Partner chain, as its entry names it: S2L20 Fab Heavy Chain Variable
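One chain follows as structure tokens, the form solved without the partner chain.
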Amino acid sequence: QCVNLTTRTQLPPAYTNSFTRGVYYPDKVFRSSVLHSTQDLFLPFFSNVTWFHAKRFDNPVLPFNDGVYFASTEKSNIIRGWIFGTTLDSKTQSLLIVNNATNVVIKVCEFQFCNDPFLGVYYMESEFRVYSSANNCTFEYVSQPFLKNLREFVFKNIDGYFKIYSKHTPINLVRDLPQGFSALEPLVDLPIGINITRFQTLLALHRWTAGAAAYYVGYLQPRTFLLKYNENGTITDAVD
């Protein structure tokens, strides 16, 4: 494997604005209609969130500062997972997430991630061009797959736990993030306990066309929000 495609493309990043997005439930306790102020990692409102597009490749190693907010429209299922890790090489085991068509597999091993990892599709035949070798590891998780049907993901690595929050929303807006407030709900809390400082997304490439999609990467920062809870427990509004 390990085919290289990034010849010279070094276009400057395009910044959209994360108007009011990426606000999850930062607890496992149900709350009625009450004003509760939480002090946790959150994506600041109206922050400059980078805009990457499926076309022009755009699979850079993105720093995992304190947690990232991953939003992708991808009206066709082209996004396949993420390869969070510190070095993405030997001597440092890294976290890998992929869902094929009906099941998600999460592996944390000493992978040999290629310089341009991706997943091939043939008519849907899945081929792995992510890693060349994968051995000497302990963690293995499988469940229902995580995935214009906008979907947002927030990953955070705290106290040795890898926490994933997701919320799938159908949108009709043309290109950018929607206007409505949406509350993300956690999927899993994997006790991975590794050091994570960078990550990279995985696409589905045809035989090398890059389809037509885009993903949004914003970084969490420590902030104190005021979550407005509804009667059913849904966070209908929040302020910085």
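Positions refer to the first chain, counted from 1.
Modelling of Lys91 is missing from a third or more of the other compared entries in which both of its neighbours are modelled. Not even a third of the other compared entries skip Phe118; each one keeps it along with the residues on either side. Deposited sequence between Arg207 and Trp208: 10 or more residues lack coordinates. According to the PDB entry, the deposited sequence contains 4 to 9 residues between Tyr123 and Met124 that lack coordinates.
The discussion below concerns the form deposited with the partner chain bound, not included here.
The partner is absent here; in the deposited bound form, the one residue of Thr201, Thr38, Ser182, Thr50 having a heavy atom within 4.5 Å of the partner chain is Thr50. Using a 4.5 angstroms threshold between heavy atoms, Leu173 stays clear of the partner chain in the deposited bound form.
At the 4.5 Å threshold, heavy atoms of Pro178 stay clear of the partner chain in the deposited bound form, well away from it. Taking the partner from elsewhere, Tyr15 is found to have a heavy atom lying within 4.5 Å of the partner chain in the deposited bound form.
Interface residue remark: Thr87 is counted as part of the site for the partner chain in the deposited bound form, having a heavy atom within 4.5 Å.
Residues are counted as partner-facing when one of their heavy atoms sits within 4.5 Å of the partner chain in the deposited bound form; in 182-214 these are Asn195, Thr197, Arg198, in sequence order.
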